[PDB]
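Chains as they are written, first to last, in the UniProt record's numbering: chain D, 4 to 53; chain F, 2 to 65; chain P, 49 to 144; chain L, 7 to 85.
Ideal Cβ positions, reconstructed from N, Cα and C, are used throughout, including at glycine.
One structure is given here, and the rest of the page talks about it.
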Amino acid sequence: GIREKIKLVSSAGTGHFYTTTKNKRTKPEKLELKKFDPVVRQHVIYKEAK
Amino acid sequence: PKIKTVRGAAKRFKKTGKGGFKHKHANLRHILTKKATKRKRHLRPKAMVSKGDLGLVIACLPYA
Amino acid sequence: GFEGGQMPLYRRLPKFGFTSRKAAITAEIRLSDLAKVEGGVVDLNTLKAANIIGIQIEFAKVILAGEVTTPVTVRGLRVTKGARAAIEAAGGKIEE
Amino acid sequence: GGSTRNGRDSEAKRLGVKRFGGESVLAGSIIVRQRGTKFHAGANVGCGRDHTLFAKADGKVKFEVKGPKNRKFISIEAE
RNA sequence: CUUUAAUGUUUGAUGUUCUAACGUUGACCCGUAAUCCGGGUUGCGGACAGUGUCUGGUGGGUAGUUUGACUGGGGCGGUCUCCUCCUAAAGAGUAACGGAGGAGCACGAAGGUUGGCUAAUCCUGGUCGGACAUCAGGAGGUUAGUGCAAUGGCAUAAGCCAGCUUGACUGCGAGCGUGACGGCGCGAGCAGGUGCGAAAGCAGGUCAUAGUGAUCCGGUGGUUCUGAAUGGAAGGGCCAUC
RNA sequence: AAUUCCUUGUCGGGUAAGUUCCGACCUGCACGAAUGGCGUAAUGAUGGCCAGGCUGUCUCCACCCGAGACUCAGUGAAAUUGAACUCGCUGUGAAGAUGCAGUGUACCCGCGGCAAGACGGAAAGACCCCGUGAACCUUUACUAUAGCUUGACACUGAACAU
RNA sequence: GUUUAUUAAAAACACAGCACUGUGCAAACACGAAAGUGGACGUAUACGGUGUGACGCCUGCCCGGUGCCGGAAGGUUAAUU
RNA sequence: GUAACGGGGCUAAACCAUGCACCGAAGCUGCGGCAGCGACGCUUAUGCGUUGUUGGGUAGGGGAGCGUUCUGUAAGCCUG
RNA sequence: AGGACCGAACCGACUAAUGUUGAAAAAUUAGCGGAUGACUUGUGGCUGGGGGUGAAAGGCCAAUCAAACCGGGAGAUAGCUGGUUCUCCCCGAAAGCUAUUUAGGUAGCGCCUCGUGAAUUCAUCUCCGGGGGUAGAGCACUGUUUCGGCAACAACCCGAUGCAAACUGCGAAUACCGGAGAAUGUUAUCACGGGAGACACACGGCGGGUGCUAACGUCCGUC
RNA sequence: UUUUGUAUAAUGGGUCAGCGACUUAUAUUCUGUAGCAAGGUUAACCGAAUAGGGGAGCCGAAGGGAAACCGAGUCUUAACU
RNA sequence: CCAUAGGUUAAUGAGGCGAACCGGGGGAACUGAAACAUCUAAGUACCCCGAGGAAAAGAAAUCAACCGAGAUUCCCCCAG
Ligand SMILES: [Mg+2]
Ligand SMILES: [Mg+2]
Ligand SMILES: [Mg+2]
Ligand SMILES: [Mg+2]
Ligand SMILES: [Mg+2]
Ligand SMILES: [Mg+2]
Ligand SMILES: [Mg+2]
Ligand SMILES: [Mg+2]
Ligand SMILES: [Mg+2]
Ligand SMILES: [Mg+2]
Ligand SMILES: [Mg+2]
Ligand SMILES: [Mg+2]
Ligand SMILES: [Mg+2]
Ligand SMILES: [Mg+2]
Ligand SMILES: [Mg+2]
Ligand SMILES: [Mg+2]
Ligand SMILES: [Mg+2]
Ligand SMILES: [Mg+2]
Ligand SMILES: [Mg+2]
Ligand SMILES: [Mg+2]
Ligand SMILES: [Mg+2]
Ligand SMILES: [Mg+2]
Ligand SMILES: [Mg+2]
Ligand SMILES: [Mg+2]
Ligand SMILES: [Mg+2]
Ligand SMILES: [Mg+2]
Ligand SMILES: [Mg+2]
Ligand SMILES: [Mg+2]
Ligand SMILES: [Mg+2]
Ligand SMILES: [Mg+2]
Ligand SMILES: [Mg+2]
Ligand SMILES: [Mg+2]
Ligand SMILES: [Mg+2]
Ligand SMILES: [Mg+2]
Ligand SMILES: [Mg+2]
Ligand SMILES: [Mg+2]
Ligand SMILES: [Mg+2]
Ligand SMILES: [Mg+2]
Ligand SMILES: [Mg+2]
Numbered sequence: 004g005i006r007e008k009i010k011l012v013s014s015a016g017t018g019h020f021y022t023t024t025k026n027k028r029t030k031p032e033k034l035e036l037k038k039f040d041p042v043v044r045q046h047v048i049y050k051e052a053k
Numbered sequence: 002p003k004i005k006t007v008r009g010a011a012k013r014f015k016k017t018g019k020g021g022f023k024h025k026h027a028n029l030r031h032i033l034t035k036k037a038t039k040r041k042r043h044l045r046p047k048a049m050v051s052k053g054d055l056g057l058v059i060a061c062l063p064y065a
Numbered sequence: 049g050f051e052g053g054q055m056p057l058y059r060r061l062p063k064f065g066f067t068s069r070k071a072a073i074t075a076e077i078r079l080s081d082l083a084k085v086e087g088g089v090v091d092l093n094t095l096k097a098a099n100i101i102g103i104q105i106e107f108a109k110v111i112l113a114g115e116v117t118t119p120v121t122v123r124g125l126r127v128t129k130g131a132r133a134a135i136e137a138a139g140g141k142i143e144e
Numbered sequence: 007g008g009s010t011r012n013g014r015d016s017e018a019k020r021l022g023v024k025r026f027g028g029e030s031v032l033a034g035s036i037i038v039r040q041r042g043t044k045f046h047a048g049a050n051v052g053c054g055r056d057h058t059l060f061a062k063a064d065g066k067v068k069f070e071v072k073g074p075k076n077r078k079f080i081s082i083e084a085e
């Protein structure tokens, strides 16, 4: 395992979010990468990823 | 005595315009992070009973 | 529904609950009616005493059944825009 | 002892041998793993993830050989 | 008023003493020419002991049950799900305690795209360099490489390097393949919005096939769907998810 | 050895010859000190071995006396039982034949005797396996529980000290 | 001496003897929801439980595990507040 | 117990090749009869004559019937 | 004196025979053990079922005991065994797949029957279009194997000979899929719906794993 | 009878006669048949009791959505598809 | 001391049988869940007490839903 389930959140005031995993063991840096936000209907920045 | 309906069953089915009952897809309410959004996107909508086991359904819901 | 020995069909399939608890007191009138609503004015009730609704009902829709003929004026009720037409087509009238 | 096990079905082969009804997208060949046993060509192509030969626009299937050194190449004209 | 100390006070903590509940299977009296019992007197003990409710421990003393299947009889041993090859008779599919080997993951790059590149091995010649470090030329041609089994595939590379990025997007889906079913797989194209490219165009995760758990019961976020006189709320549904 | 698998261990004694027995050795598969160790006079319908006497136990049976058995008269059962015109052999065959094939043999019916076959009678195998059967039993299986025990509150009060 | 009435009389149980352990009497313990009763009209030279089983010579080393006995200072800890 | 042609028995009653004849089944044909489906003739409600064809059958499915006791038709009928 | 000795009554029960549809649901006969003792016996009394009693065998508790007898819950449950009763007529399976605390049971599918619809649907033969890596063969490749050609005894490589389920630079018969055609076939074919039974198969042929190319062996495919 | 398979030496029956096993109640779904028809039909009860009365109520003529809601449409979605 | 406790007498009433139905106190297991603890069987069987021709229950600190209904009891619906 060693791969925790990470959850990306929208920078928008909406509660929409994405989900995936990360190897915190070697990547203790919270991930962000921008994705589509259905609620706001616009590609924005997604954060939170241990 | 009036036939009793299989409650547990009458909570997952719903007779349609005719014979069919249409239900809810499985594998769409647990461990989803590792599931193709597409796969699930094709699980949200309701689906009719396979006509194969449908016969059974029309037995658990006598008063359906 | 004893699928052999495995998990039954009414098992592997999730359950989408929730029940109106209001649709029970909601009836569905048809266009074929009204002409038998005993006289004019299809009151919020009337149909009840006209045996065709239910003492428990509280809300109902006119809806089109394919009839009307005689001019009627529904009262204290709703109606589809497809019926509030055929109803007026025969000199009808909407309450609201 | 340590000997047994086995995958399963995984048909992967020709399901639309030669000309056929060829609908908007049948298959005609799902021989996965492959890319050369049946190369994407003709009015159709696809060659999805599992290399399953798509089969676009309706018509007839061909099954050619056109191209330097064998190279199957499945193509489907209109019927 | 606080940081802090005597007075009263309140209250918990034990420790003493007291009597008056409570005990007495001490001694008398009466009921009664009774050993039970009851009342009385006295002694001893004394808010203890004992009991009721609640509560932690202990508890085969007792009670109800469970303690899998396949299996060349049963047991022992082994096996049980998923992937690759052979068996498999040139479509699919097919058995055995048949022969072999792997999975329960890994990558924010090992994904996307644009641009570019091409091995292994040997021979010859070259400081320290020799069996083989790096350099040069020739032969050679997928014998290399492929994140991990095997089979299939790969040079237009699916192999290698770098720039820029997040399409590992959201909603849908003509139409197919594969399953008894629950499901599972492939998917052009459509709408919204992205990234890379001059552009045609490519991108809905990885060269593909293993890397997995139905339902229930719940947990977390969202939602003017519902909410038992009404307004809320709890709770329920719906979507996301553990 | 009531304990030793190898095992009839090896040696000695007894015998004409002793896988048992007695005395030893020790290499104790896998004795051992109150789930007692080693001895022990006496006792024992107790296990093993030896001998004298005794004998039909035996070599090897013979005769004899009684109770049946057998015959007659009276009474009068039983299990079992698909139907019988119910032979041998060799083969065949649901794989060991009175009944099938081929062949051989055989006038019809009793009485007394024997038990090789009728997979003879008897008991829905007790062994074995199976059943998501049963019962008792065990335990650090699970879940409970009487009992034992802990504390809180109540029946339960008055004071002082710290 | 006792035992499987009806396949086992024995090497089995019992026994006198020994040892451990509990029990201060309203004893331990046991029957009983209780009252009450046995123990015992007995009282540690007594009663119960367990193991060994005349007698003789004896009965070694291990307390790590389990149980039991004692301590409980501290760590964890129910109801309750 | 002959017991490794079924037996007898066979030098060909064995075998090879060639050819014709015959025996041989509930198969096929002939004749008579029955039921289902199709055709004619027909004649047509009806309806039959001819013809074509079908009719082994466990689990099991389908369709037709027989008879028994009691009720009506029954204060009828049969009946000493 | 003595759980002392011998031995009747009396109590018991070690041995053998006989009995075994007995004289008898434990005896008879000949022996046998105790016989002043934890002795033996009459009469009456008290322990009651998960309870009693037990010098301990699970022994006894009315010919019953690892939980008595009688009545009730009660027609317990029994995926097991057995049995299932008149006649005729038509059709007619399965012994497989996939699941299953599942394996001699079940459930969806498959195969039967009955009904209702459906197109020239379905079958065979012909011709056309297809992908194929089996049989066979071969040895470039993966391995394996000989014999020669140089090797301070042999790879590699050259030539010559073979071998392969998990070898293939080759490669059928044939099966299958599709297209068109004629005839034949009392729709044979598909969908849906009422009723199923059946998921122990056996042998023979062909291709095979396993076994000894043993087995009326075992496991698949196919007729 | 049970079986892949039984003359089977596999099960059951000595024989006879009488008895002996797919029922019944309510519910639900088909098939046939009768009634009526976009309508069909009553329950209890009343009763001049198999009438007649009683339509409380059930089923069907409308569906989609998780529902609010909408409605021959409706869900899904921003959504036109 | 009184007074109680206890004693005697008399007058009344009880006691015990009973078939079902009824109220109350106590209360199973087989079984089903294809195993079994929750759950089921079932507040059934069974034991006990009490009463009547009936018992029980009964005149809202009841429902309703902003309109209103109006004790209890039994039948049919609502509704598997
Ligand atoms: Mg009404
Ligand atoms: Mg137990
Ligand atoms: Mg039980
Ligand atoms: Mg087994
Ligand atoms: Mg194949
Ligand atoms: Mg094939
Ligand atoms: Mg890969
Ligand atoms: Mg010796
Ligand atoms: Mg010992
Ligand atoms: Mg005589
Ligand atoms: Mg024989
Ligand atoms: Mg004899
Ligand atoms: Mg016998
Ligand atoms: Mg038996
Ligand atoms: Mg003695
Ligand atoms: Mg004896
Ligand atoms: Mg002893
Ligand atoms: Mg001893
Ligand atoms: Mg010791
Ligand atoms: Mg003939
Ligand atoms: Mg027939
Ligand atoms: Mg004596
Ligand atoms: Mg005697
Ligand atoms: Mg004597
Ligand atoms: Mg007596
Ligand atoms: Mg007895
Ligand atoms: Mg019962
Ligand atoms: Mg019974
Ligand atoms: Mg399971
Ligand atoms: Mg070959
Ligand atoms: Mg089976
Ligand atoms: Mg089978
Ligand atoms: Mg087979
Ligand atoms: Mg066989
Ligand atoms: Mg057999
Ligand atoms: Mg027989
Ligand atoms: Mg008879
Ligand atoms: Mg059960
Ligand atoms: Mg009011």
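Any beta-carbon of chain D closer than 8 Å to the one on residue i?
i, result
"residue 34 of chain F", "yes"
For chain P, check one thing: does any of its Cβ atoms lie closer than 8 Å to the Cβ of residue i?
i, result
"residue 1 of chain F", "As shown, chain F starts at 2 and ends at 65. That puts residue 1 of chain F outside it, with no answer to give."
"residue 45 of chain F", "no"
"residue 42 of chain F", "no"
"residue 12 of chain F", "yes"
"residue 25 of chain F", "yes"
"residue 65 of chain F", "no"
"residue 60 of chain F", "yes"
Report yes or no: is there a C-beta of chain F within less than 8 Å of the C-beta of residue i?
i, result
"residue 22 of chain D", "yes"
"residue 8 of chain D", "yes"
"residue 52 of chain P", "no"
"residue 64 of chain P", "yes"
"residue 60 of chain P", "yes"
Is the beta carbon of residue i sitting closer than 8 Å to the one on residue j?
i, j, result
"residue 111 of chain P", "residue 76 of chain P", "yes"
"residue 77 of chain L", "residue 57 of chain L", "no"
"residue 23 of chain L", "residue 62 of chain L", "no"
"residue 28 of chain L", "residue 67 of chain L", "yes"
Buried or exposed for residue i, please, with buried defined as at least 16 other CB atoms from any protein chain shown within 10 angstroms of its CB.
i, result
"residue 65 of chain L", "buried"
"residue 32 of chain F", "exposed"
"residue 10 of chain L", "exposed"
"residue 148 of chain P", "Any answer about residue 148 of chain P is impossible in this case: the structure gives chain P only from 49 up to 144."
"residue 24 of chain F", "buried"
"residue 48 of chain L", "buried"
Which residues in the same chain have their Cβ closer than 8 Å to the Cβ of residue i, if we skip the five residues on either side of it in sequence?
i, result
"residue 137 of chain P", "116"
Quick one: what's got a C-beta closer than 7 Å to residue i's C-beta in the same chain, skipping five residues either side?
i, result
"residue 103 of chain P", "96"
"residue 44 of chain L", "35, 37, 59, 78 and 80"
Which runs of the beta strand (DSSP E) fall wholly inside the segment 69 to 93 of chain P and span at least 3 residues, in chain order? Along the length of the segment 69 to 93 of chain P, whole beta strand (DSSP E) runs at least 3 residues long occupy 74 to 76, reported in chain order.
Pick out the complete alpha helix (DSSP H) segments inside the segment 16 to 60 of chain F, 4 residues or longer, and give them in chain order. Fully enclosed alpha helix (DSSP H) runs of 4 or longer: 38 to 42.
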